[PDB]
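**Q** Turn this into a model:
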Amino acid sequence: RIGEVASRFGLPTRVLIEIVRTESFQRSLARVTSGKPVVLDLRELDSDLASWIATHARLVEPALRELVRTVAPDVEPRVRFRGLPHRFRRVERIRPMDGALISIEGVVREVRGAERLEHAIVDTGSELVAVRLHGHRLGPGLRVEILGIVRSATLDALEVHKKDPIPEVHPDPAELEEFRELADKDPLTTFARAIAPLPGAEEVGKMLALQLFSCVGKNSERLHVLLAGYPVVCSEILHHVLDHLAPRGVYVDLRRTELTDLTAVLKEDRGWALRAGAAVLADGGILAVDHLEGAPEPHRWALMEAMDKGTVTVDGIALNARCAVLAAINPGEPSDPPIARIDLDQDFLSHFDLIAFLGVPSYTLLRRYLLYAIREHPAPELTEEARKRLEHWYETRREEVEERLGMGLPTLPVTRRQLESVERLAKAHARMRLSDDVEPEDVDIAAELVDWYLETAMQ
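**A** Numbering: from 1, shown residues only. Below, you will see the structure:
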């Protein structure tokens with residue numbers, strides 16, 4: 001009897017009567033033997049009632065479990081809610097919402113458990129939220145939406161939805177129009193000037209602009225860039241990119257970063273806890289690695305794994321770390337070529353697509369356009385003529401290097417790594433044009449940047 005259940009749980013009888021009358025509830029209640037949870041879709045109710053239910057979910061949920069327990073004493077009673085009123089979604093501060101059904105969204109910082117995965121901490125943007133998982137799975141670095149009921153500053157998870165590593169932008173017609181206008185113009189120059197507006201920093205800006213547009217899950221797509229200049233100006237650039245433009249990211253001063261602050265830490269203590277380090281938290285975005293000079297070997301190995309394979313590994317646990325590495329190094333005084341002044345081993349240095357030797361509209365719009373471009377054009381591909389343009393550049397440059405070496409002129413080799421970098425940069429520029437087709441024009445822009453890097457390195 002519904003009235004008796006309502007009374008028992010301190011609910012107005014009408015709350016429970018209106019709930020049980022819903023199509024969502026009746027259909028799922030009939031399907032409960034299949035182990036499927038009973039479902040209440042709140043949109044199937046009066047808006048003020050939907051709101052009241054969300055506010056008082058700590059009361060409603062066990063009442064519903066009790067109702068289903070009557071129908072099926074056989075199985076674990078599970079209840080799900082759908083169609084949260086908008087104000088209960090993506091809650092930025094959970095504590096005032098005690099007792100309420102809510103969703104949070106953000107990046108998993110940490111997980112812990114023993115035999116079972118039990119607890120998580122989620123960075124929702126302004127705060128870190130503790131979560132009791134109740135059998136629901138996720139892992140450090142994952143972006144998630146979690147539906148649950150708040151109980152004393154902890155979210156008791158009801159469901160977990162995996163999300164893309166970067167936020168979704170769904171532009172309206174006016175914004176879509178702005179996007180199309182930006183695409184038609186010269187977005188590369190616009191982004192380049194936004195990033196690095198100082199005289200002489202044109203190529204540097206273009207490199208960093210295209211790096212932003214390489215922030216995608218597909219492993220072979222991401223660009224890694226090393227800035228070589230004075231500390232102050234390089235730090236301002238890294239902070240600027242991360243603060244104002246990056247879709248997602250983390251800044252570290254490598255000198256202040258322990259290896260496990262960079263990768264992840266696994267702690268054993270009456271159970272286990274796994275906490276994401278910087279590269280994992282930067283999954284799908286920019287990892288800004290400041291002060292790379294004298295980077296210790298273990299740190300270099302970690303960075304190389306993230307750069308080459310898009311993972312970090314701690315104790316046999318591989319975590320996604322699909323970050324574009326934006327590093328900075330302070331060289332110095334030596335009348336040797338600029339690249340000779342970089343104190344980093346040759347093998348590590350070759351993992352960067354580009355080295356930028358310094359000295360030789362609304363950010364809202366710019367950032368939202370980037371987010372849009374990445375999600376909408378994750379995988380542009382060479383056209384036939386672009387492939388020919390790329391192969392031609394490559395063969396022509398290899399011949400030139402051979403010739404220059406034959407003349408006794410020190411020159412950097414042009415290898416498969418350079419071919420790969422040009423292709424990545426060209427794909428990034430095609431994303432910047434909101435295109436799925438990489439064209440000869442994209443190859444040309446990419447090749448000019450690789451050539452500039454190769455030439456300036458030795459000048």
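
**Q** contacting residues for the nearest residue to residue 9 once chain neighbours are set aside?
**A** Among residues not flanking residue 9 along the chain, residue 63 sits closest, at 4.0 Å (C-beta to C-beta, 6 or more residues apart in numbering). Every residue, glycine included, has its C-beta placed from N, CA and C. Taking C-beta atoms under 8 Å, 6 or more residues apart in numbering, we find residue 63 in contact with 5, 6, 8, 9, 11, 16.

**Q** now residue 406
**A** Taking C-beta under 8 Å, 6+ apart, one finds nothing in contact with residue 406.

**Q** list the buried ones in the longest helix belonging to the chain?
**A** Looking across the chain with DSSP state H, the single longest helix is helix 384-406. Buried residues in helix 384-406, counted by 16 or more other C-beta atoms under 10 Å: 386, 389, 390, 393, 394, 397, 401.

**Q** Kindly reformat the residues you listed as a markdown table containing distance to residue 106.
**A** Shown next, in a markdown table, are the buried residues of helix 384-406 (distance: C-beta to C-beta, whole Å):
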| residue | distance to residue 106 |
| --- | --- |
| 386 | 38 |
| 389 | 42 |
| 390 | 39 |
| 393 | 42 |
| 394 | 43 |
| 397 | 45 |
| 401 | 48 |
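
**Q** Among the contacts of residue 63, which pair sits farthest apart?
**A** Using C-beta to C-beta, the pair of the contacts of residue 63 lying farthest apart is 8 and 16, separated by 10.2 Å.

**Q** okay, the two: which has more neighbours?
**A** The neighbour comparison of residue 8 against residue 16 (other C-beta atoms under 10 Å) goes to residue 16, with 21 against 11.

**Q** Wait, that one touches residue 2, no?
**A** Yes. Counting by C-beta atoms under 8 Å, residue 16 does reach residue 2; the two are 5.0 Å apart.

**Q** which residues are common contacts for the two?
**A** Common neighbours of residue 16 and residue 2 (C-beta under 8 Å, 6+ apart) are residue 67.

**Q** give me the element residue 49 is part of.
**A** Using DSSP states H and E, residue 49 falls within helix 47-55.

**Q** one step back: which parts of the helix or strand following the longest helix of the chain are buried?
**A** Note on helix 384-406: by DSSP H and E, the next helix or strand toward the C-terminus is helix 416-432. Buried residues in helix 416-432, counted by 16+ other C-beta under 10 Å: 418-419, 421-432.

**Q** which residues in the stretch 51-200 of the chain form helices?
**A** 57-71, 173-184, 187-195 (DSSP state H, counting those that start in this stretch).

**Q** now those as a markdown table including distance to residue 302?
**A** Shown next, in a markdown table, are the helices of the stretch 51-200 of the chain (distance: least, C-beta to C-beta, whole Å):
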| stretch | distance to residue 302 |
| --- | --- |
| helix 57-71 | 43 |
| helix 173-184 | 36 |
| helix 187-195 | 26 |
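
**Q** Can you say which of the ones you listed is nearest to residue 111?
**A** It's helix 57-71; of the helices of the stretch 51-200 of the chain, that one is closest to residue 111 (C-beta to C-beta) at 24.1 Å.

**Q** how about residue 366, what does it touch?
**A** Counting by C-beta under 8 Å, 6+ apart, residue 366 has contacts 190, 191, 194, 244, 245.
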